[PDB]
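Taking it in order: structure first as structure tokens, then the write-up.
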Amino acid sequence: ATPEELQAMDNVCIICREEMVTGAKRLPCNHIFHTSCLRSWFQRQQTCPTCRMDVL
Ligand SMILES: [Zn+2]
Ligand SMILES: [Zn+2]
């Protein structure tokens with residue numbers, strides 16, 4: 001992800017509602033989340049942790 005896109009969304013991972021300073025990806029829906037929270041989130045819920053919009 002980029003610093004401009006992260007700041008455009010509080011650069012905070014919703015999944016755990018913490019913070020994202022480095023080590024995360026960006027979804028095609030405009031929602032960045034921890035690279036660990038995602039792979040683990042989709043493993044149970046195939047929907048964005050915010051927009052729950054099919055991505056996989
Ligand atoms: Zn997280
Ligand atoms: Zn989304």
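Naming scheme: A, B, ... for chains in displayed order of the structure tokens; residues 1 onward per chain; ligands 1 onward as shown.
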So that I can check the surroundings of residue 51 in chain A, please list as a ChimeraX atom specification every protein, DNA and RNA residue that reaches within 10 Å of it, counting only C-alpha atoms and ignoring chain neighbours fewer than 6 positions away. /A:29-31
How would you report the residues lying within 12 Å of ligand 2, as a list in words, if you count only C-alpha atoms and all ligand atoms? residues 9, 13, 14, 15, 26, 27, 28, 29, 30, 31, 32, 33, 38, 46, 47, 48, 49, 50, 51, 52, 53, 54, 55 and 56 of chain A
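For residue 36 in chain A, the non-local neighbours within 9 Å, defined as residues at least 5 positions apart in the same chain or in other chains and counting only C-alpha atoms, are residues 23, 24 and 41 of chain A.
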Of A:1, A:42, A:17, A:7, the one sitting nearest ligand 1 when using only C-alpha atoms and all ligand atoms is A:17
### Task
Select from chain A everything DSSP, run on the backbone, classes as strand (DSSP E), then give the selection as an MDAnalysis selection string.
chainID A and resid 24:27 31:34
For the structure I just gave you, how does DSSP split chain A - specifically, which residues are helix (DSSP H, G or I)? Reply as an mmCIF file with C-alpha atoms, in the first residue's frame.
data_model
loop_
_atom_site.group_PDB
_atom_site.id
_atom_site.type_symbol
_atom_site.label_atom_id
_atom_site.label_comp_id
_atom_site.auth_asym_id
_atom_site.auth_seq_id
_atom_site.Cartn_x
_atom_site.Cartn_y
_atom_site.Cartn_z
ATOM 1 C CA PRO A 3 1.214 6.417 2.475
ATOM 2 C CA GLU A 4 -1.308 8.568 0.609
ATOM 3 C CA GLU A 5 -3.946 5.836 0.418
ATOM 4 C CA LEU A 6 -3.387 4.725 4.013
ATOM 5 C CA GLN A 7 -3.802 8.271 5.325
ATOM 6 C CA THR A 35 -1.759 -8.507 5.729
ATOM 7 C CA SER A 36 -2.241 -10.937 8.615
ATOM 8 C CA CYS A 37 -5.787 -9.893 9.508
ATOM 9 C CA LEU A 38 -6.931 -10.276 5.899
ATOM 10 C CA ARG A 39 -5.560 -13.718 5.040
ATOM 11 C CA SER A 40 -7.044 -14.713 8.399
ATOM 12 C CA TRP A 41 -10.294 -12.795 7.930
#
Query raised in the report: When distances are computed from only C-alpha atoms and all ligand atoms, which of A:11, A:16, A:25, A:43 shows the smallest separation from ligand 1?
Result: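 Of A:11, A:16, A:25, A:43, the one nearest ligand 1, counting only C-alpha atoms and all ligand atoms, is A:16.
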Q. Between A:21, A:2, A:12, A:45, which is the closest to ligand 1 once you count only C-alpha atoms and all ligand atoms?
A.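 Residue with the minimum atom-to-atom distance to ligand 1: A:12.
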